[PDB]
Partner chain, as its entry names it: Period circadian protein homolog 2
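One chain follows as structure tokens, the form solved without its partner chain.
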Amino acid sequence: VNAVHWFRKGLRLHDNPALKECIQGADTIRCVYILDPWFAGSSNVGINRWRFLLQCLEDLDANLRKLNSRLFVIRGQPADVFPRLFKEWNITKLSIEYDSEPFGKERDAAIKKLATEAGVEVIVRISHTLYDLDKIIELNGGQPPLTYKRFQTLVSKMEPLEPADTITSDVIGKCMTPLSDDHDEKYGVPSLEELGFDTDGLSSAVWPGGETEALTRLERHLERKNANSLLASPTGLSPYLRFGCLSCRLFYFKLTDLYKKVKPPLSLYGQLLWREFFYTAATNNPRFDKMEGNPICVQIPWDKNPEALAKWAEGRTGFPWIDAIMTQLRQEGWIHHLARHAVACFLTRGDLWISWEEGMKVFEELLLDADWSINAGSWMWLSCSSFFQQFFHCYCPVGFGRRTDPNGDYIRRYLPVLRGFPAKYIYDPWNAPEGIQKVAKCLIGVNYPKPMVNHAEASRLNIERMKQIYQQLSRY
């Protein structure tokens, strides 16, 4: 009985039902991760996401060493590699954490067919989400809830959540891992260079990957529970929830019991419920990330403007607040939710009137904490393309951050070319007189671009555009 556990999400040894069940009754246990380096550059996956993943894999491998096992990293496509491994290792069991996202579901269905057609038993267990999303969808009558309010109703009628024991020496028991001395050069965790990324200009990651870092942060986050809010927090947990280094169910229980000790609203579960809601909404919708052909998405005639899109993506808008946020995102992989509101409003309903699909693709590349379902759901939501509950405040790309940080310390940290400007002009340097730009050694339009748009005029038009869209929807 040779059992293999396939890692994709759920990159942890705690609360891993699929791994626990696969281990039980197995003589052999082997943990695999599959990636192809040749397609790493063309997959819209940025270097920070790759680095966080590789660090997750190093931590899994290290933690597996403590249990006397090892992680197997295989280069290739899962449809091509799994037949060879079934025969090479005489696989009897294959286990995966369930993936609700449509393209992952189709991929897993193909792998399940090949495993079964080869006489391999397929173990699937839910642990990336709090609930069985198909059970939520059934309780809603076969269609996913279209509103956060309806979703909360169904969750409130759900039975209280049960977690799962951590994989230990006592859990593994008499289960072995076949290991060779050539293992590291054959199945070792890849470097970024192997994936084709230049690392010479890199600095240490602000968000270190892995289950160890996630559980260390969780204890400090529970202990603890402006301009400094914008900076990454050493107790932030959102990337670890996305990659599965931290179980959302464990996080839920720890939050509940700390709250019980401190004092049971959904104020503290709000982020997890939004996460759960977008997974539920996307799971049966293969065009969830599209406007055309997406049955839940308002059809809005967005501008097609690649040059403006590229200015926003590359932090070259000429609005330092917007550019500092997009620069933090590209450099670190995480920005504050209020900063996401700011740059996403600017791109779509606010200033540039560019499709939410284009912002989603940029965020997909650079953002560490948003799966496909959450990214698409969040972009449709903020652009009033789906899940509509109200019109939104139009954020000011100059004033909003100025009230956040009057001195512009956030601007100065991520846009060093502007550090010479005084606070009076740091958020609108195109208003600085010529002599002031010279002193700051930053000529607007040479060292830093001019503003790409007039916010007052653009936002005024776009606020009205959105109203007309929704007046049409009332008539239909």
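What we label the rigid core is the largest C-alpha set whose atoms superpose within 1.5 Å from one form to the other. Positions refer to the first chain, counted from 1.
- Among other compared entries that model residues flanking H393, a third or more give it no coordinates.
- Notably, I436 is never a gap: all other compared entries of this protein, restricted to those modelling both its neighbours, have coordinates for it, so the one-third criterion is not met.
- In the deposited sequence, the stretch from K225 to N226 hides 10 or more residues that have no coordinates.
- Going from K263 to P264, the model skips 4 to 9 deposited residues, which lack coordinates.
- The stretch 19-27 shows the higher mean C-alpha B-factor when 19-27 is compared against 453-461 in the entry.
- When the C-alpha B-factors of 56-64 and 36-44 are averaged, 36-44 comes out higher.
- Taking only the listed residues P295, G270, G315, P102, the entry reports the highest CA temperature factor at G270.
- Note on the listed residues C345, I335, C175, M360: the highest Cα temperature factor in the record is that of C175.
- For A423, the recorded CA temperature factor ranks within the middle third of the chain's modelled residues.
- Ranked by C-alpha B-factor against the other modelled residues of its chain, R51 falls in the lowest third.
- Sorting the modelled residues of the chain by their CA temperature factor places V439 in the highest third.
- Placement of the Cα temperature factor of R349 within the chain: lowest third of the modelled residues, per the deposited record.
- Placement of the Cα temperature factor of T256 within the chain: highest third of the modelled residues, per the deposited record.
One more form of this protein should be noted, the form solved in complex with its partner chain, which is absent from this view; the next part is about it.
- Under a 4.5 angstroms non-hydrogen atom cutoff, its partner chain in the deposited bound form has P145 among its neighbouring residues.
- Of the heavy atoms in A310, some are within 4.5 Å of its partner chain in the deposited bound form.
- Taking the partner from elsewhere, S180 is found to have every heavy atom lying beyond 4.5 Å of its partner chain in the deposited bound form.
- Contact between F82 and its partner chain in the deposited bound form is not found at the 4.5 Å heavy atom cutoff.
- Contact with its partner chain in the deposited bound form, defined as any heavy atom within 4.5 Å, is confined among 280-288, 385-393, 120-128, 240-248 to 385-393.
- Just one of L133, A115, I91, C297 comes within 4.5 Å of its partner chain in the deposited bound form, counting any heavy atom, and that one is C297.
- Proximity to its partner chain in the deposited bound form, defined as a heavy atom within 4.5 Å, singles out one entry of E106, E292, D165, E138, which is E292.
- Annotation: the position in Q389, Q299, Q143, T168 displaced by at least 2 Å at CA between the shown form and the other one, with the core superposed, corresponds to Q389.
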